[PDB]
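Below is work.cif, which holds mmCIF, C-alpha atoms.
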data_final
loop_
_atom_site.label_atom_id
_atom_site.label_comp_id
_atom_site.auth_asym_id
_atom_site.auth_seq_id
_atom_site.Cartn_x
_atom_site.Cartn_y
_atom_site.Cartn_z
CA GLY A 237 34.98 29.23 11.62
CA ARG A 238 36.54 25.78 11.33
CA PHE A 239 33.34 23.77 11.50
CA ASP A 240 35.11 20.69 10.14
CA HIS A 241 37.50 20.99 13.08
CA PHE A 242 34.46 21.13 15.36
CA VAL A 243 33.03 17.97 13.79
CA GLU A 244 36.33 16.11 14.20
CA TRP A 245 36.67 17.30 17.81
CA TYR A 246 33.07 16.36 18.64
CA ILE A 247 33.52 12.91 17.12
CA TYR A 248 36.74 12.43 19.09
CA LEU A 249 34.94 13.50 22.28
CA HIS A 250 32.14 11.02 21.65
CA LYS A 251 34.65 8.25 20.96
CA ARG A 252 36.47 9.04 24.21
CA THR A 253 33.14 9.15 26.09
CA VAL A 254 31.24 6.09 24.81
CA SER A 255 34.40 4.01 25.35
CA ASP A 256 37.86 4.37 26.92
CA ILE A 257 36.15 5.69 30.10
CA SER A 258 34.23 2.67 31.40
CA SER A 259 37.49 0.70 31.49
CA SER A 260 39.60 3.85 32.14
CA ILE A 261 43.24 2.78 32.78
CA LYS A 262 42.55 -0.94 33.13
CA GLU A 263 43.77 -2.69 29.98
CA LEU A 264 46.56 -0.23 29.06
CA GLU A 265 48.72 -1.18 32.01
CA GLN A 266 47.83 -4.84 31.46
CA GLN A 267 50.21 -5.05 28.49
CA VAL A 268 53.20 -4.55 30.84
CA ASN A 269 52.08 -7.51 32.94
CA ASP A 270 51.43 -9.62 29.85
CA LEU A 271 54.78 -8.82 28.18
CA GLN A 272 56.67 -9.41 31.43
CA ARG A 273 56.39 -13.10 30.49
CA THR A 274 58.51 -12.49 27.39
CA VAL A 275 60.76 -10.19 29.44
CA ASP A 276 61.46 -12.97 31.95
CA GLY A 277 61.27 -16.27 30.04
CA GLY A 278 61.63 -15.06 26.45
CA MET A 279 64.68 -13.28 25.00
CA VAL A 280 67.27 -11.41 27.08
CA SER A 281 66.91 -8.37 24.79
CA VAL A 282 63.24 -7.31 24.54
CA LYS A 283 63.44 -3.49 24.71
CA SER A 284 62.38 -3.21 21.05
CA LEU A 285 59.00 -4.72 22.01
CA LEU A 286 58.49 -2.46 25.06
CA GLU A 287 60.26 0.74 24.04
CA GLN A 288 57.22 3.02 23.59
CA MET A 289 54.42 2.04 25.98
CA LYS A 290 56.59 2.38 29.10
CA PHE A 291 56.83 6.17 28.78
CA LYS A 292 53.58 6.35 26.79
CA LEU A 293 51.67 5.46 29.96
CA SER A 294 53.60 8.09 31.94
CA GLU A 295 52.92 10.84 29.40
CA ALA A 296 49.27 9.77 29.13
CA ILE A 297 48.96 10.02 32.92
CA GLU A 298 50.65 13.44 32.99
CA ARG A 299 48.23 14.58 30.27
CA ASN A 300 45.10 13.08 31.88
CA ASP A 301 45.87 14.48 35.34
CA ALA A 302 44.16 17.59 33.96
CA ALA A 303 41.06 15.55 33.12
CA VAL A 304 41.01 13.92 36.57
CA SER A 305 41.77 17.02 38.70
CA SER A 306 40.23 20.51 38.92
CA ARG A 307 41.70 21.24 35.49
CA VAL A 308 40.88 20.62 31.81
CA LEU A 309 37.40 19.10 31.79
CA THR A 310 36.49 15.52 30.97
CA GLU A 311 35.40 14.67 27.43
CA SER A 312 31.83 13.94 28.56
CA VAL A 313 31.53 17.29 30.35
CA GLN A 314 32.90 19.23 27.36
CA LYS A 315 30.54 17.36 25.03
CA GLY B 237 62.93 14.87 -16.29
CA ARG B 238 61.86 14.18 -12.72
CA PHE B 239 65.15 14.61 -10.89
CA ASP B 240 63.38 14.65 -7.51
CA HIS B 241 61.96 11.23 -8.37
CA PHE B 242 65.49 10.08 -9.15
CA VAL B 243 66.76 11.37 -5.81
CA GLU B 244 63.97 9.56 -3.94
CA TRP B 245 64.60 6.37 -5.91
CA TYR B 246 68.36 6.56 -5.34
CA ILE B 247 67.99 7.08 -1.59
CA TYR B 248 65.51 4.19 -1.51
CA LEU B 249 68.04 1.98 -3.31
CA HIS B 250 70.75 3.00 -0.84
CA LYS B 251 68.51 2.09 2.11
CA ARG B 252 67.55 -1.25 0.56
CA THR B 253 71.22 -2.01 -0.10
CA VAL B 254 72.31 -1.22 3.46
CA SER B 255 69.31 -3.12 4.87
CA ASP B 256 68.44 -5.90 2.37
CA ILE B 257 65.79 -8.62 2.79
CA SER B 258 68.16 -11.33 4.04
CA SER B 259 68.31 -9.64 7.47
CA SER B 260 64.62 -8.71 7.77
CA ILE B 261 62.57 -11.81 6.89
CA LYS B 262 64.64 -13.97 9.26
CA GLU B 263 64.06 -11.58 12.17
CA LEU B 264 60.32 -11.57 11.46
CA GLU B 265 60.32 -15.38 11.41
CA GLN B 266 62.25 -15.43 14.70
CA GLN B 267 59.74 -13.02 16.26
CA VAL B 268 56.86 -15.23 15.10
CA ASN B 269 58.59 -18.37 16.41
CA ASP B 270 59.16 -16.76 19.82
CA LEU B 271 55.68 -15.22 20.14
CA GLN B 272 53.86 -18.37 19.05
CA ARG B 273 55.81 -20.46 21.56
CA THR B 274 55.08 -17.89 24.29
CA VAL B 275 51.33 -17.93 23.51
CA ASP B 276 51.35 -21.72 23.14
CA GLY B 277 49.58 -22.17 26.48
CA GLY B 278 47.04 -19.47 25.70
CA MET B 279 46.39 -15.87 26.79
CA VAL B 280 46.35 -14.77 23.14
CA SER B 281 45.87 -11.12 24.12
CA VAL B 282 49.57 -10.56 23.32
CA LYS B 283 48.88 -11.92 19.82
CA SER B 284 45.55 -10.24 19.01
CA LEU B 285 47.05 -6.75 18.94
CA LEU B 286 50.37 -8.19 17.73
CA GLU B 287 48.62 -9.91 14.83
CA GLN B 288 49.49 -6.82 12.77
CA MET B 289 53.17 -7.77 12.51
CA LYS B 290 52.31 -11.43 11.89
CA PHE B 291 50.21 -10.29 8.92
CA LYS B 292 52.92 -7.85 7.84
CA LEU B 293 55.21 -10.88 7.68
CA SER B 294 53.01 -12.18 4.85
CA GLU B 295 52.84 -8.63 3.47
CA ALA B 296 56.65 -8.69 3.30
CA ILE B 297 56.34 -12.04 1.52
CA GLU B 298 54.16 -10.04 -0.86
CA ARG B 299 55.92 -7.35 -2.90
CA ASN B 300 58.94 -9.71 -2.66
CA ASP B 301 57.93 -12.52 -5.04
CA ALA B 302 57.67 -9.86 -7.75
CA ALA B 303 61.36 -9.06 -7.13
CA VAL B 304 62.52 -12.62 -7.91
CA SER B 305 59.87 -13.84 -10.37
CA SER B 306 60.06 -10.84 -12.73
CA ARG B 307 63.87 -11.25 -13.04
CA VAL B 308 64.26 -7.65 -11.87
CA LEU B 309 67.77 -6.58 -10.91
CA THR B 310 68.98 -6.40 -7.33
CA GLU B 311 68.90 -2.97 -5.69
CA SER B 312 72.69 -2.91 -5.30
CA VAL B 313 73.17 -3.81 -8.98
CA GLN B 314 70.78 -1.04 -10.04
CA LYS B 315 72.58 1.45 -7.79
#
As structure tokens, please, write out the structure in this file.
Amino acid sequence: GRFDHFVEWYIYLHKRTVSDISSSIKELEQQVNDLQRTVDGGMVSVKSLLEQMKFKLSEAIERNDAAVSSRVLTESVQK
Amino acid sequence: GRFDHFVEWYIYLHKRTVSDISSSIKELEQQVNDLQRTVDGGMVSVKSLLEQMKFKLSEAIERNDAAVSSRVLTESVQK
């Protein structure tokens, strides 16, 4: 059995439990609001600075809807 | 002889010839000039997690002095 895989998974679960859950989705969407300043009053072309997070948040939400619904369990519950 | 090493080195030279450092350091300096002016008032959150590229600017300054001080040939000349 892949016990090293278990150790890595358990450590990842503890990292996602001790943090990233008290704030939840609080600071991740804050970067859009912060970078909107450079979008508005900075350079006309700014897509290269906001090309990944825009759909990263959407894919993170569509992956975490399992963790928030009656679906794939939360990290704390699995741990 | 390591022909695979030659192929990697040759492709690297081709990329450095079609990219060069004259059109990469200036863009990094422009990004720094824009970001620093944007964060001039404060709210340095958009510079704390973007400090990585500001340090990679100096990292690009590194590994570059060796290319002019050691009298090494230009990538296009070597190719």
Requested in this report: For the structure shown, which residues end up in the PyMOL selection byres ((chain A) within 12 of (chain B))? Put them as a VMD selection string, please?
Outcome: chain A and resid 263 to 264 266 to 279 282 284 to 285
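Once the PyMOL selection byres ((chain A and resi 249) around 8) is applied to this file, the selection holds residues 245, 246, 247, 248, 250, 251, 252, 253, 311, 312, 314 and 315 of chain A.
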Report chain A as a PDB file with C-alpha atoms, keeping the file's coordinate frame in the frame of chain B, after least-squares superposition over all C-alpha atoms paired in order.
ATOM      1  CA  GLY A 237      61.862  15.912 -13.904  1.00  0.00           C
ATOM      2  CA  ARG A 238      61.298  14.915 -10.284  1.00  0.00           C
ATOM      3  CA  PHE A 239      64.924  14.872  -9.208  1.00  0.00           C
ATOM      4  CA  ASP A 240      63.918  14.938  -5.540  1.00  0.00           C
ATOM      5  CA  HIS A 241      61.943  11.761  -6.214  1.00  0.00           C
ATOM      6  CA  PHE A 242      65.094  10.292  -7.753  1.00  0.00           C
ATOM      7  CA  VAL A 243      67.128  11.199  -4.665  1.00  0.00           C
ATOM      8  CA  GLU A 244      64.558   9.618  -2.340  1.00  0.00           C
ATOM      9  CA  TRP A 245      64.373   6.483  -4.508  1.00  0.00           C
ATOM     10  CA  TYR A 246      68.169   6.196  -4.718  1.00  0.00           C
ATOM     11  CA  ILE A 247      68.501   6.586  -0.955  1.00  0.00           C
ATOM     12  CA  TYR A 248      65.826   3.934  -0.415  1.00  0.00           C
ATOM     13  CA  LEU A 249      67.658   1.606  -2.821  1.00  0.00           C
ATOM     14  CA  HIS A 250      70.930   2.103  -0.968  1.00  0.00           C
ATOM     15  CA  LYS A 251      69.220   1.470   2.368  1.00  0.00           C
ATOM     16  CA  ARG A 252      67.692  -1.745   1.016  1.00  0.00           C
ATOM     17  CA  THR A 253      71.075  -2.787  -0.434  1.00  0.00           C
ATOM     18  CA  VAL A 254      73.567  -2.026   2.364  1.00  0.00           C
ATOM     19  CA  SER A 255      71.208  -3.760   4.819  1.00  0.00           C
ATOM     20  CA  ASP A 256      68.019  -5.857   4.767  1.00  0.00           C
ATOM     21  CA  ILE A 257      69.694  -8.126   2.154  1.00  0.00           C
ATOM     22  CA  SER A 258      72.530  -9.773   4.089  1.00  0.00           C
ATOM     23  CA  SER A 259      69.986 -11.075   6.609  1.00  0.00           C
ATOM     24  CA  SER A 260      67.187 -11.263   3.976  1.00  0.00           C
ATOM     25  CA  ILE A 261      64.103 -12.915   5.578  1.00  0.00           C
ATOM     26  CA  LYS A 262      65.839 -14.118   8.737  1.00  0.00           C
ATOM     27  CA  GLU A 263      64.754 -11.893  11.625  1.00  0.00           C
ATOM     28  CA  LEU A 264      61.295 -10.937  10.281  1.00  0.00           C
ATOM     29  CA  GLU A 265      59.887 -14.417  10.704  1.00  0.00           C
ATOM     30  CA  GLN A 266      61.680 -14.717  14.049  1.00  0.00           C
ATOM     31  CA  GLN A 267      59.086 -12.481  15.723  1.00  0.00           C
ATOM     32  CA  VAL A 268      56.407 -15.174  15.189  1.00  0.00           C
ATOM     33  CA  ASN A 269      58.569 -17.723  16.994  1.00  0.00           C
ATOM     34  CA  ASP A 270      59.372 -15.263  19.774  1.00  0.00           C
ATOM     35  CA  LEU A 271      55.743 -14.174  20.323  1.00  0.00           C
ATOM     36  CA  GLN A 272      54.532 -17.781  20.258  1.00  0.00           C
ATOM     37  CA  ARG A 273      55.701 -17.849  23.892  1.00  0.00           C
ATOM     38  CA  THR A 274      53.110 -15.213  24.794  1.00  0.00           C
ATOM     39  CA  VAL A 275      50.597 -16.977  22.531  1.00  0.00           C
ATOM     40  CA  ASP A 276      51.029 -20.241  24.449  1.00  0.00           C
ATOM     41  CA  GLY A 277      51.878 -19.311  28.053  1.00  0.00           C
ATOM     42  CA  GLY A 278      50.732 -15.683  28.163  1.00  0.00           C
ATOM     43  CA  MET A 279      47.146 -14.470  27.672  1.00  0.00           C
ATOM     44  CA  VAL A 280      44.432 -16.451  25.872  1.00  0.00           C
ATOM     45  CA  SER A 281      43.632 -13.394  23.720  1.00  0.00           C
ATOM     46  CA  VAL A 282      46.798 -12.105  21.997  1.00  0.00           C
ATOM     47  CA  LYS A 283      45.569 -11.261  18.470  1.00  0.00           C
ATOM     48  CA  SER A 284      46.023  -7.527  19.138  1.00  0.00           C
ATOM     49  CA  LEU A 285      49.785  -8.137  19.462  1.00  0.00           C
ATOM     50  CA  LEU A 286      50.039 -10.277  16.295  1.00  0.00           C
ATOM     51  CA  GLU A 287      47.333  -8.812  14.072  1.00  0.00           C
ATOM     52  CA  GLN A 288      49.534  -7.132  11.431  1.00  0.00           C
ATOM     53  CA  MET A 289      52.783  -9.061  10.942  1.00  0.00           C
ATOM     54  CA  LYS A 290      51.029 -12.350  10.125  1.00  0.00           C
ATOM     55  CA  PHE A 291      49.706 -11.063   6.790  1.00  0.00           C
ATOM     56  CA  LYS A 292      52.490  -8.468   6.526  1.00  0.00           C
ATOM     57  CA  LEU A 293      54.968 -11.290   5.906  1.00  0.00           C
ATOM     58  CA  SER A 294      52.658 -12.832   3.289  1.00  0.00           C
ATOM     59  CA  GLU A 295      52.211  -9.553   1.412  1.00  0.00           C
ATOM     60  CA  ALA A 296      55.947  -8.832   1.661  1.00  0.00           C
ATOM     61  CA  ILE A 297      56.666 -12.257   0.155  1.00  0.00           C
ATOM     62  CA  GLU A 298      54.116 -11.739  -2.636  1.00  0.00           C
ATOM     63  CA  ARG A 299      55.749  -8.369  -3.365  1.00  0.00           C
ATOM     64  CA  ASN A 300      59.354  -9.640  -3.201  1.00  0.00           C
ATOM     65  CA  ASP A 301      58.683 -12.666  -5.418  1.00  0.00           C
ATOM     66  CA  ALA A 302      59.267 -10.163  -8.228  1.00  0.00           C
ATOM     67  CA  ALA A 303      62.675  -9.287  -6.781  1.00  0.00           C
ATOM     68  CA  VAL A 304      63.624 -12.962  -6.389  1.00  0.00           C
ATOM     69  CA  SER A 305      62.317 -14.272  -9.750  1.00  0.00           C
ATOM     70  CA  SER A 306      62.842 -13.203 -13.381  1.00  0.00           C
ATOM     71  CA  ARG A 307      60.793 -10.088 -12.630  1.00  0.00           C
ATOM     72  CA  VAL A 308      61.267  -6.632 -11.073  1.00  0.00           C
ATOM     73  CA  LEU A 309      64.999  -6.304 -10.451  1.00  0.00           C
ATOM     74  CA  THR A 310      66.753  -6.324  -7.098  1.00  0.00           C
ATOM     75  CA  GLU A 311      67.565  -3.005  -5.434  1.00  0.00           C
ATOM     76  CA  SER A 312      71.313  -3.522  -5.926  1.00  0.00           C
ATOM     77  CA  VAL A 313      70.901  -4.224  -9.648  1.00  0.00           C
ATOM     78  CA  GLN A 314      68.669  -1.171 -10.174  1.00  0.00           C
ATOM     79  CA  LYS A 315      71.131   0.997  -8.242  1.00  0.00           C
TER      80      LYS A 315
END
Requested in this report: Kindly give the distance, in Å, that separates atom CA of residue 256 of chain B and atom CA of residue 300 of chain B, rounded to a single decimal.
Outcome: 11.4 Å
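For the atom pair formed by atom CA of residue 296 of chain A and atom CA of residue 262 of chain A, the distance is 13.3 Å, given to one decimal.
From atom CA of residue 313 of chain A back to atom CA of residue 265 of chain A, the distance works out to 25.3 Å.
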Can you complete the atoms of segment 249-263 of chain B to N, CA, C and O atoms and list them as a PDB file, keeping the file's coordinate frame?
ATOM      1  N   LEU B 249      67.104   3.047  -2.966  1.00  0.00           N
ATOM      2  CA  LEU B 249      68.040   1.980  -3.310  1.00  0.00           C
ATOM      3  C   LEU B 249      69.160   1.878  -2.289  1.00  0.00           C
ATOM      4  O   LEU B 249      69.575   0.777  -1.917  1.00  0.00           O
ATOM      5  N   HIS B 250      69.684   3.023  -1.840  1.00  0.00           N
ATOM      6  CA  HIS B 250      70.750   3.000  -0.840  1.00  0.00           C
ATOM      7  C   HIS B 250      70.266   2.342   0.451  1.00  0.00           C
ATOM      8  O   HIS B 250      70.978   1.521   1.046  1.00  0.00           O
ATOM      9  N   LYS B 251      69.055   2.691   0.892  1.00  0.00           N
ATOM     10  CA  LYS B 251      68.510   2.090   2.110  1.00  0.00           C
ATOM     11  C   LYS B 251      68.298   0.590   1.934  1.00  0.00           C
ATOM     12  O   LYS B 251      68.612  -0.196   2.836  1.00  0.00           O
ATOM     13  N   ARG B 252      67.770   0.171   0.782  1.00  0.00           N
ATOM     14  CA  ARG B 252      67.550  -1.250   0.560  1.00  0.00           C
ATOM     15  C   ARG B 252      68.852  -2.020   0.395  1.00  0.00           C
ATOM     16  O   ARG B 252      68.882  -3.229   0.645  1.00  0.00           O
ATOM     17  N   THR B 253      69.922  -1.355  -0.039  1.00  0.00           N
ATOM     18  CA  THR B 253      71.220  -2.010  -0.100  1.00  0.00           C
ATOM     19  C   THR B 253      71.838  -2.164   1.281  1.00  0.00           C
ATOM     20  O   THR B 253      72.383  -3.224   1.605  1.00  0.00           O
ATOM     21  N   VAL B 254      71.754  -1.122   2.115  1.00  0.00           N
ATOM     22  CA  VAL B 254      72.310  -1.220   3.460  1.00  0.00           C
ATOM     23  C   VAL B 254      71.425  -2.000   4.423  1.00  0.00           C
ATOM     24  O   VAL B 254      71.867  -2.311   5.536  1.00  0.00           O
ATOM     25  N   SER B 255      70.198  -2.330   4.030  1.00  0.00           N
ATOM     26  CA  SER B 255      69.310  -3.120   4.870  1.00  0.00           C
ATOM     27  C   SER B 255      69.068  -4.521   4.324  1.00  0.00           C
ATOM     28  O   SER B 255      69.243  -5.504   5.052  1.00  0.00           O
ATOM     29  N   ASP B 256      68.657  -4.633   3.057  1.00  0.00           N
ATOM     30  CA  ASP B 256      68.440  -5.900   2.370  1.00  0.00           C
ATOM     31  C   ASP B 256      67.294  -6.703   2.979  1.00  0.00           C
ATOM     32  O   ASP B 256      66.790  -6.362   4.056  1.00  0.00           O
ATOM     33  N   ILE B 257      66.863  -7.761   2.291  1.00  0.00           N
ATOM     34  CA  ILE B 257      65.790  -8.620   2.790  1.00  0.00           C
ATOM     35  C   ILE B 257      66.311  -9.861   3.493  1.00  0.00           C
ATOM     36  O   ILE B 257      65.523 -10.563   4.148  1.00  0.00           O
ATOM     37  N   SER B 258      67.605 -10.167   3.371  1.00  0.00           N
ATOM     38  CA  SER B 258      68.160 -11.330   4.040  1.00  0.00           C
ATOM     39  C   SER B 258      68.223 -11.161   5.554  1.00  0.00           C
ATOM     40  O   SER B 258      68.253 -12.159   6.279  1.00  0.00           O
ATOM     41  N   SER B 259      68.243  -9.919   6.042  1.00  0.00           N
ATOM     42  CA  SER B 259      68.310  -9.640   7.470  1.00  0.00           C
ATOM     43  C   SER B 259      67.023  -9.002   7.993  1.00  0.00           C
ATOM     44  O   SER B 259      67.047  -8.325   9.026  1.00  0.00           O
ATOM     45  N   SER B 260      65.913  -9.193   7.297  1.00  0.00           N
ATOM     46  CA  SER B 260      64.620  -8.710   7.770  1.00  0.00           C
ATOM     47  C   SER B 260      63.568  -9.807   7.836  1.00  0.00           C
ATOM     48  O   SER B 260      62.780  -9.834   8.786  1.00  0.00           O
ATOM     49  N   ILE B 261      63.533 -10.710   6.856  1.00  0.00           N
ATOM     50  CA  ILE B 261      62.570 -11.810   6.890  1.00  0.00           C
ATOM     51  C   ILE B 261      62.931 -12.798   7.999  1.00  0.00           C
ATOM     52  O   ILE B 261      62.046 -13.352   8.663  1.00  0.00           O
ATOM     53  N   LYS B 262      64.228 -13.029   8.222  1.00  0.00           N
ATOM     54  CA  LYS B 262      64.640 -13.970   9.260  1.00  0.00           C
ATOM     55  C   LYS B 262      64.274 -13.452  10.644  1.00  0.00           C
ATOM     56  O   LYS B 262      63.854 -14.228  11.508  1.00  0.00           O
ATOM     57  N   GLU B 263      64.441 -12.148  10.879  1.00  0.00           N
ATOM     58  CA  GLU B 263      64.060 -11.580  12.170  1.00  0.00           C
ATOM     59  C   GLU B 263      62.554 -11.658  12.385  1.00  0.00           C
ATOM     60  O   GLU B 263      62.100 -11.926  13.503  1.00  0.00           O
TER      61      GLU B 263
END
